[PDB]
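S.K.:
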Amino acid sequence: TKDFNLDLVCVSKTXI
Amino acid sequence: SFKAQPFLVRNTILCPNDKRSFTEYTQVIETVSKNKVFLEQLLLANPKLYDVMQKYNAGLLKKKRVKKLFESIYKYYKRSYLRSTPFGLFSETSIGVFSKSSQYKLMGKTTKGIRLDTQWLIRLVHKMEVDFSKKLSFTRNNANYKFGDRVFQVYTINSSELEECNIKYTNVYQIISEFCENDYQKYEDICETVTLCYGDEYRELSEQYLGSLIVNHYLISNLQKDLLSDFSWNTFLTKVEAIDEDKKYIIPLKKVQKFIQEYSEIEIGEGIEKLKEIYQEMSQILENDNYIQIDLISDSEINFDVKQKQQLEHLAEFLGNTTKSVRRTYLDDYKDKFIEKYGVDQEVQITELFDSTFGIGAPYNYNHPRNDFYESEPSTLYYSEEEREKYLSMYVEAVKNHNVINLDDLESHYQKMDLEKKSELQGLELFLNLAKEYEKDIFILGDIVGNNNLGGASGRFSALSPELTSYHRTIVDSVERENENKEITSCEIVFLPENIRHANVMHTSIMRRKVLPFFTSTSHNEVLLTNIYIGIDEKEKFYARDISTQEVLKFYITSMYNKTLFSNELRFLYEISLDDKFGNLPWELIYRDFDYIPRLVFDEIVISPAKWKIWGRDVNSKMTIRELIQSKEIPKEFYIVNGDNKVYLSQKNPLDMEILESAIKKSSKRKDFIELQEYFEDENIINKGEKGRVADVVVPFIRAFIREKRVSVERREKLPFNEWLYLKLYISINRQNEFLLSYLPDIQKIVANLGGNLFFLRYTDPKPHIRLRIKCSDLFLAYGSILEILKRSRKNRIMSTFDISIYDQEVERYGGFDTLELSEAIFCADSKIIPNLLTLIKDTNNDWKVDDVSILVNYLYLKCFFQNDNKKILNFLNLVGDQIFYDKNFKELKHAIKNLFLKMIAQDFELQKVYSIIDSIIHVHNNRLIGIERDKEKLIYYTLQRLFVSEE
């Protein structure tokens, strides 16, 4: 299937 | 008790008697630009800066770049004469010894220890990994770790930036990674293993997915094996050659090895053009701001007096003694957080521990990452209130009297303290500058001071010579022998820094049994990150264990790499591996905010020079910078302290005044301050051609682990309305007893009709509440029925709110899920009797009160667990009213206890397992009956001790 993705995600470093 | 080892001696190449003074900045460029030695020193240390100077002299440099060029050159000039700290071509490292007479003179010969720049080298290999991946073989990066549906790394690299990156845990990541978990696997076989359980249709994707793991460094190629830890030109070149068919990289690499070897025999001054050749052959291969590192070793041998040896050992004891007053550190509070979340019976996977969503996060003082939930700062205690009054008192009087502060005053306080406790500290490294005052030689303690990381200051120099390797080996064999006694596996953390500029600091030789690698690989035995589990000693001390071999671990970083820079988990592993108290000297902490601090001294040693803080805001139109510093009685020669380094200045020299005015106006921009220190004459102690050198020195000085691997949340968590229902009833302390009398028995009656059973507990934190846990077969129906009783208690203002929560079972504490369930039957039986005991305590027709019931019930527990065998009962106790007995609830409790006692016998529980479990069951009875109270639980045992003895 498409479990060849990798899906790299990268991150940086109310009410009242 | 502290013995002064042979030390490292660090000294300048150039001699400060030859220092020229200067009046103008252009004059400084003129002189320096035909100073043969300086420019080789500059070309090696700071290539980019050296080129900017060339650019300026050619007229090609933009005007706004010129003030900085002028200041950096002047500061670099002062440094090549005045600053002994070891760095390529400014200064040299030798070994010194203790004898019967001082020998301050260097007969030896200077040699160049030369490595490639490590950032350059890794950046090349990474370029080879992508270009030549099909000819390489690959292994798993120890930095990777699964977490749910994601694969994380303890830190990140390729995005040449500062941001963390993670990937999905796919079936294809699993196959590829497990296949490379233990050895290196050829590109082709990695690809094959994927298609062989997908189809050859997928060979496209496999290769792509594989390439993407290689860019992002989820895998490591064989070019990296020993590439940062024990580099060998043979081994490196033969694998490159095996890879590089079109000869693109081999031959330039062979030429670089040649040119460096040629550079090795040239004098300091004469190699400028040979160096230019090295930079040229290396810049063609791949450009970098630095290409070469040099550590200059000598084979001189400086000697110090027997008195000197004693002065230093005296100083070591005093400094180590002050740690006696460090009662609670940031790490202690973390140990407490640990115990609240986990108890004492669990071992926790380190990557689970530091997770801020699933574990306890990090110590409050860790920043990689800082905790991302709010929490206020914890109590610490690095010195006593009495100590602080003395230090401030000492401070106030010295300033009033224009005196220095003699720390001698408290030497007898600190050596006296805790003569009972066996001091943990194995050893110290101390950093000292040699100078003079009134023609007498003095030692001045570095502002770095030192640390308790033995071998840290020598590990970098270990490999560069056999004498050095011998030296370092001696220093750390005092730690390795003791690790061997205690049956502890030592282990060096070997890692590519997250910011690869710092990659030349990490160098050391591996003197341990195993290695914990990140973004590299070695030939040693290596620990898997996700095999490291954390627990708590018999003494509530953090330890680390490999879950695959059950080995106990201590981790080491035998270098000067800033320990606060690491990822939390690695910083933690390092910190639990030494003795956590050396670090924060009280005078540093208490005098920190004063803008004048006297000199601190101790037995002829200058602990800390006189220190000023000058404020931008103070330079006024009625006040220039030079009568400002004169209004504060600044001596004519002082240092301005920047950070890592300091810059020598004189009021007599006008160039030095320009640098200071520059300095003062930069800080008036940020609205803060600069730091001045007093100057010591430091030029003519160590010498060579009977010419002084600036010199400094670095002196070294010299169970039954139970615990069980933590159970997964899937197995320990009991979700609302499945098997259990768990309510937190927020009721005040003064009204919980009334709730237990007048409301709980209506709830127990209800759950009984439905065939179930419940137990409760009292808990504060956050606010006070009762934890009600009901086990029963139609839980939605039982919730419905007791909801009427709860509404009644809201109306009467006894309960405010409740939550329904996940019941996190304490499987490890109560011995496994089997003995846990039998413990829970004890809980529920104990809970049935409590409202009746409270009613006896409350009724006055009785004249039995709460403490009488407590010793009694506690008495009956012990009589149950040990079957009325008083001698066993007192066995247990040494190491830490008739109608309740004929009560039907108590008979039911007595069966519950017999049944737990039997199963513990059946499964051969070691006896301290049984002693801890009975202590726990009695502990939560007391919680139920009386307060959530500390130690008054324990003194119940003492009086029961007396009553049982009397049965005899």
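If you read the sequences in order, they're chains C and A. According to PDB author numbering, the stretch in the first sequence is residues -21 to -9, 2 to 4, in order. According to PDB author numbering, the stretch in the second sequence is residues 5 to 706, 716 to 893, 919 to 990, in order. Quick reminder that beta carbons are idealized off the backbone N, C-alpha and C, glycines included.
Just list the alpha helix (DSSP H) runs in the stretch 739 to 791 of chain A, keeping only unbroken ones of 4 residues or longer that don't cross its boundaries, in chain order.
M.R.: 746 to 755, 757 to 766
S.K.: Kindly list, in the order they appear in chain C, the residues whose Cβ is closer than 8 angstroms to that of A:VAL824.
M.R.: Your numbering for residue 824 of chain A matches position 811 in the second sequence. None at all; the shortest Cβ gap to chain C is about 34 angstroms.
S.K.: At a cut of 8 angstroms, does the stretch 363 to 376 of chain A reach the stretch 554 to 572 of chain A through at least three beta carbon pairs?
M.R.: yes
S.K.: So, does the stretch 807 to 818 of chain A touch the stretch 837 to 848 of chain A, judging by three or more C-beta pairs under 8 angstroms?
M.R.: In this structure the stretch 807 to 818 of chain A does not touch the stretch 837 to 848 of chain A; the number of beta carbon pairs closer than 8 angstroms is below three.
S.K.: Would you say A:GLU948 touches the ligand GDP, meaning its beta carbon is less than 7 angstroms from a heavy atom?
M.R.: No copy of the ligand GDP occurs in the structure displayed, which carries no ligand at all.
S.K.: Helix, strand or coil for A:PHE546, going by three-state DSSP, please let me know.
M.R.: Looking up residue 546 of chain A in the second sequence gives position 542. In this structure, A:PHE546 counts as strand in the three-state DSSP scheme.
S.K.: Of all the options A:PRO590, A:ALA320, A:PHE447, which has the alpha carbon lying nearest to the alpha carbon of A:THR384?
M.R.: For the purposes of this step, residue 384 of chain A is identified with residue 380 of the second sequence, where counting begins at 1. Among A:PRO590, A:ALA320, A:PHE447, the Cα nearest to that of A:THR384 belongs to A:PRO590.
S.K.: So, does the CB of A:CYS201 fall closer than 8 angstroms to a CB anywhere in chain C?
M.R.: Here residue 201 of chain A is taken as the residue at index 197 of the second sequence, counted from 1. For A:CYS201, the answer is no, since every Cβ of chain C falls outside 8 angstroms of its Cβ.
S.K.: Taking all protein chains shown into account, decide if residue 915 of chain A is buried (16 or more other Cβ within 10 angstroms of its Cβ) or exposed.
M.R.: This model leaves out residue 915 of chain A; its place in chain A lies between 893 and 919, and no residues are given there.
S.K.: Using a Cβ-Cβ cutoff of less than 6 angstroms, which residues in the same chain neighbour A:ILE956 once the five nearest sequence positions on both sides are dropped?
M.R.: As a position in the second sequence, residue 956 of chain A is number 918, starting the count at 1. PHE878.
S.K.: For A:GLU751, which residues of its own chain have a beta-carbon under 7 angstroms away from its beta-carbon, when the five flanking residues on both sides are left out?
M.R.: Counting from one through the second sequence, the residue named residue 751 of chain A turns up at place 738. Once the five neighbours on either side are set aside, the close Cβ partners of A:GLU751 are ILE811.
S.K.: DSSP three-state label for A:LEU257, please.
M.R.: Position 253 of the second sequence, counted from the first residue, corresponds to residue 257 of chain A. Note: A:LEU257 maps to helix in three-state DSSP.
S.K.: Is any beta-carbon of chain C found at less than 8 angstroms from that of A:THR174?
M.R.: For the purposes of this step, residue 174 of chain A is taken as the residue at position 170 of the second sequence. Chain C contact via Cβ: present.
S.K.: To the nearest angstrom, report how far apart A:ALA667 and A:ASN588 are at their CA atoms.
M.R.: Walking along the second sequence from the start, residue 667 of chain A turns up at place 663. Walking along the second sequence from the start, residue 588 of chain A turns up at place 584. Straight-line Cα distance between these residues: approximately 29 angstroms.
S.K.: Check whether the Cβ atoms of A:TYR578 and A:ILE561 sit closer than 8 angstroms, and answer yes or no.
M.R.: Here the question's residue 578 of chain A lines up with position 574 in the second sequence. Here the question's residue 561 of chain A lines up with position 557 in the second sequence. For A:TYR578 and A:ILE561, yes; Cβs fall inside 8 angstroms.
S.K.: Where does the unbroken alpha helix (DSSP H) through A:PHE928 begin, and where does it stop?
M.R.: By one-based count along the second sequence, residue 928 of chain A stands at place 890. It spans 926 to 944 - the alpha helix (DSSP H) in which A:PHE928 sits, taken as one unbroken run.
S.K.: Identify every residue that forms a DSSP beta bridge with A:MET564.
M.R.: As a first step, residue 564 of chain A is located in the second sequence; it is residue number 560 there, counting from the start. A:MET564 pairs with nothing; no bridge assigned.
S.K.: Do A:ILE663 and A:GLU75 count as a contact pair if the criterion is CB distance below 8 angstroms?
M.R.: Along the second sequence, one-based indexing puts residue 75 of chain A at 71. Along the second sequence, one-based indexing puts residue 663 of chain A at 659. Yes, they are a contact pair.
S.K.: How far does the beta strand (DSSP E) with A:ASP816 in it reach, from first residue to last?
M.R.: Reading the second sequence from its first residue, position 803 is the one you call residue 816 of chain A. Here the beta strand (DSSP E) through A:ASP816 covers 812 to 817.
S.K.: Apart from the five residues on each side of it in sequence, which residues of its chain come closer than 7 angstroms, Cβ to Cβ, to A:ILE638?
M.R.: The count along the second sequence starts at 1 and reaches residue 638 of chain A at position 634. Cβ neighbours of A:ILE638 beyond the five flanking positions: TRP616, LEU680.
S.K.: Out of A:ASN688, A:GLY828, A:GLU208, A:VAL866, state which residue places its alpha-carbon closest to the alpha-carbon of A:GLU443.
M.R.: Along the second sequence, read from residue 1 onward, the residue named residue 443 of chain A stands at position 439. With distances taken between Cα atoms, A:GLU443 lies closest to A:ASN688.
S.K.: Determine the extent of the alpha helix (DSSP H) in which A:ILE959 is found, giving its start and end residues.
M.R.: In the second sequence, residue 959 of chain A corresponds to position 921, counting from 1. It spans 949 to 967 - the alpha helix (DSSP H) in which A:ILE959 sits, taken as one unbroken run.
S.K.: Identify which residue in A:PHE465, A:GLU471, A:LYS626 has its Cα closest to the Cα of A:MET510.
M.R.: As a first step, residue 510 of chain A must be located in the second sequence, where it is residue number 506. Cα-wise, what sits closest to A:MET510 is A:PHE465.
S.K.: For A:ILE959, which residues in the same chain have their Cβ closer than 7 angstroms to its Cβ, ignoring the five residues on either side in sequence?
M.R.: Here residue 959 of chain A refers to the residue found at position 921 of the second sequence. For A:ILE959, where only same-chain residues beyond five positions count, the Cβ hits under 7 angstroms are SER836, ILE839.
S.K.: A:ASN455 bridges to which residues according to DSSP?
M.R.: For the purposes of this step, residue 455 of chain A is taken as the residue at position 451 of the second sequence. In the DSSP output, where bridge partners are listed per residue, A:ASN455 has A:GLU433.
S.K.: Please classify A:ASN61: does DSSP put it in a helix, a strand, or coil?
M.R.: Start at 1 with the first residue of the second sequence, and residue 61 of chain A comes out as number 57. Correct three-state label for A:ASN61: helix.
S.K.: Unbroken beta strand (DSSP E) runs of length 3 or more, entirely within the stretch 218 to 242 of chain A: which are they?
M.R.: As far as the stretch 218 to 242 of chain A is concerned, its whole beta strand (DSSP E) runs of at least 3 residues are 223 to 225.
S.K.: Anything in the stretch 203 to 217 of chain A with a Cβ closer than 7 angstroms to a Cβ of chain C? List those residues in chain order, please.
M.R.: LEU209, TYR213, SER216
S.K.: What residue range does the beta strand (DSSP E) around A:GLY117 cover?
M.R.: Counting from 1 along the second sequence, the entry for residue 117 of chain A is found at position 113. Where A:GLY117 is concerned, the enclosing beta strand (DSSP E) stretches over 115 to 120.
S.K.: Looking at the structure shown, is A:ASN375 part of a helix, part of a strand, or coil, going by DSSP?
M.R.: One-based indexing of the second sequence puts residue 375 of chain A at position 371. Three-state result, A:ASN375: coil.
S.K.: Beta-carbon of A:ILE171 versus every beta-carbon of chain C: anything under 8 angstroms?
M.R.: Against the second sequence, residue 171 of chain A aligns to sequence position 167. Yes, because at least one Cβ of chain C sits closer than 8 angstroms to the Cβ of A:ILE171.
S.K.: Going by the DSSP bridge assignment, what does A:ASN858 pair with across the sheet?
M.R.: Locating residue 858 of chain A in the second sequence gives position 845, counting from the first residue. Bridge pairing for A:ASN858: absent [DSSP].
S.K.: Do the stretch 334 to 352 of chain A and the stretch 146 to 165 of chain A meet, that is, are 3 or more Cβ pairs less than 8 angstroms apart?
M.R.: no
S.K.: Does DSSP put A:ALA842 in a helix, in a strand, or in coil?
M.R.: Translated into positions along the second sequence, residue 842 of chain A becomes position 829. In the structure shown, A:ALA842 sits in a helix (DSSP, three-state: H, G or I).
S.K.: Exposed or buried, which one is A:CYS19 when buried takes at least 16 other CB atoms within 10 Å?
M.R.: Translated into positions along the second sequence, residue 19 of chain A becomes position 15. So A:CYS19 counts as buried.
S.K.: Taking beta-carbon pairs under 9 angstroms, can you tell me which members of the stretch 547 to 563 of chain A lie near chain C?
M.R.: Contact residues of the stretch 547 to 563 of chain A toward chain C are absent (C-beta to C-beta distance below 9 angstroms).
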